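The chain below stands alone and is given as structure tokens, in the form deposited without D-MYO-inositol-1,4,5-triphosphate.
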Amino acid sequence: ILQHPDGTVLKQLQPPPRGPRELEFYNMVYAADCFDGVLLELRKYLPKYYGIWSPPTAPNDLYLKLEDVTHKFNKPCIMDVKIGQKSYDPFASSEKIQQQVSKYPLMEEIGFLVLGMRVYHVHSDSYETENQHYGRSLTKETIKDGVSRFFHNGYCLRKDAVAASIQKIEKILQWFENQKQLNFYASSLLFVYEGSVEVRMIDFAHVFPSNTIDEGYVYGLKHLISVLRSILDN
């Protein structure tokens, strides 16, 4: 992800087939002549899409031009959470499945994985960053405290941001409970709050047509909501 001053991010397409699939996803959703009520509603929860972009002198180098969801914040606190019970898609080989489950074998049980966070700390005027090994080290015993860490800001637990996060996730869940045409694998929620709320769906390299509820994604959202709810009792 490259941040542009104009309030956008440029995401370089991942190698095939992932990058092309993510392009086609954005193209389908933001199709100008689209009057599909499900897809129109979905736009609210995605970054705004500004189309494919490539450098003037390099047509080979493909990017997506997306809304920077963090742009309107002064000191954004950011957390990326991968959602679902399976991080592999319906066309993965046995080895790919093994690779994906190996990456975090608790995905089925918990239904989400923290990819990382950046937390602004007022007292030090500095950022605490956690990488992918942080979330992958979390178990059922430590997931609540693992998530809570994100909301430690301003000499307190930011229960305001926790409650707001629940409310925004709930709307996304409502969308998922009113559609059976898309299933989402290895996609994320980006959480942002002001450290000095946004919750948006990102990363669509493994979104596929379906004729069923995305039960794994729903499970993930519900468990995430349950964890966040518990944090409100801290």
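One-based numbering along the sequence shown.
One more form of this protein should be noted, the form deposited with D-MYO-inositol-1,4,5-triphosphate bound, which is absent from this view; the next part is about it.
In the entry with it bound, none of the heavy atoms of residue 39 sits within 4.5 Å of a heavy atom of D-MYO-inositol-1,4,5-triphosphate.
Though the partner is left out of this view, residue 142 does not reach within 4.5 Å of D-MYO-inositol-1,4,5-triphosphate in the entry with it bound, counting heavy atoms only. Using a 4.5 angstroms threshold between heavy atoms, residue 82 counts as touching D-MYO-inositol-1,4,5-triphosphate in the entry with it bound. By the criterion of a heavy atom within 4.5 Å, residue 132 is counted among the residues contacting D-MYO-inositol-1,4,5-triphosphate in the entry with it bound.
Contact check at 4.5 Å (heavy atoms) against D-MYO-inositol-1,4,5-triphosphate in the entry with it bound: none of 168, 222 and 226 pass. A single residue from the set 159, 72, 152, 103 has any heavy atom within 4.5 angstroms of D-MYO-inositol-1,4,5-triphosphate in the entry with it bound; that residue is 103. Contacts with D-MYO-inositol-1,4,5-triphosphate in the entry with it bound, taken as any heavy atom within 4.5 Å, map within 163 to 189 to 186 alone.
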